[PDB]
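Only one chain is included here, represented as structure tokens and corresponding to the form deposited in one PDB entry.
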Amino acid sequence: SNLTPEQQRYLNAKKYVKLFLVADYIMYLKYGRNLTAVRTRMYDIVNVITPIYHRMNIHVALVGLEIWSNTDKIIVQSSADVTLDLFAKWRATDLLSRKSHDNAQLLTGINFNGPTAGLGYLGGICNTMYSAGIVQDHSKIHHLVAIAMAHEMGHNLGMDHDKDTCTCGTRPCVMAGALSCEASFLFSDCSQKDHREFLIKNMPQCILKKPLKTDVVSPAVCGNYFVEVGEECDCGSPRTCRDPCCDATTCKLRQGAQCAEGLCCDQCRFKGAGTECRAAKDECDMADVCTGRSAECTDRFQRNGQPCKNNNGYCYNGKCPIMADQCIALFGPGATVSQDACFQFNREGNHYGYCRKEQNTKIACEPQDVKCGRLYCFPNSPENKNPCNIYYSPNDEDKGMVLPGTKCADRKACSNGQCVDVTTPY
């Protein structure tokens, strides 16, 4: 109730963690230079992690797998801390450059200094440079290694270590700071909360996108609640399965049934074509309709240029980019758009003030394209004595620039560093 319609809508949204596992050189050697063995080892670990996170309304999906059999791609060392750091960086510049994934975990055969069996950036989930974690293949029992991985992933998802009071049952919980073969596959009531609050406050977007059945590289497992290649539906085990449209025993649709789950499926039958499946959430969202011959129901948004937010902007691919909200995202609450005069600094085409970067140079904004270059904000505070303040980033000079589609005038929005009319398909 206290949660915005979006927050509640976010929490209710099923979660997916497109995971990308990585086995290091020692893992390859550890398993007799047998890629099949290493690969299988990982698959199993996943078969333990998946059912664990189901109780968190999160489906871990192995969308990728890499075994450094020819040689490691990062200086994996006894220092769990350094290893994590190097792994994350590699993951940010190398891996993410060729394979899109929500989180990556490193399974190494090396032995980290001290009792630590893994590390994972707290809340780093979805984050390009922090949604990672490392785990030592510390025990022969893969069930224990999986828990270790779930632990690290637990951190990535905002969860902390269980404190004395925290409980999940009569045995230790995944987030217990110390392992043991008496460890369960349950998260303490604390973890449950920490996670929830984390989600509410951050709402990491990436964990919302469901991977394609083909994106999953893990051997299809019937009963894991996820329809994988070769399966028609997955409602879990015959005992837990609650969908009459599916045969939990073989993961196949039952005679007559055309679909099992989905917004466009009622009583095991494709909803009539034209029937609405998803209503409009905002003034830029367009109610979705069922094709009638499919089980899914793609999402569509209003046509760009559609006035939104009391005529303060124009819809852009479902969103309503306002120059005001952008300042609040760059500097925080209370932040406001600097007066017009400020944007005139874009006509200088200097290091920060510009509109477009054709090749690598900087083109000064045209007198009528100023509000499309660098965004000048002003934190509405009785302290700040500067009306014009920009948000620069040495790494990305685009960061801090007026987002595309941002209303730069009446019936106009920024396309490519220029204030153009919103009456033209953009």
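All residue numbers refer to positions in the sequence shown, first residue = 1. C-alpha atoms forming the largest set that superposes within 1.5 Å between two forms make up the rigid core.
As for the form deposited in another entry, it is not shown, yet the points below apply to it.
Summarising the superposition on the core between this form and the one not shown, the listed residues 257, 221, 144, 308 contain exactly one with a Cα shift of 2 Å or larger, 257. With the core held fixed, residue 266 shows a CA shift of 2 Å or greater between this form and the one not shown. Core-superposed comparison between this form and the one not shown: CA of residue 294 displaced by 2 Å or more. After superposition on the rigid core, displacement of the C-alpha of residue 362 between this form and the one not shown amounts to 2 Å or more.
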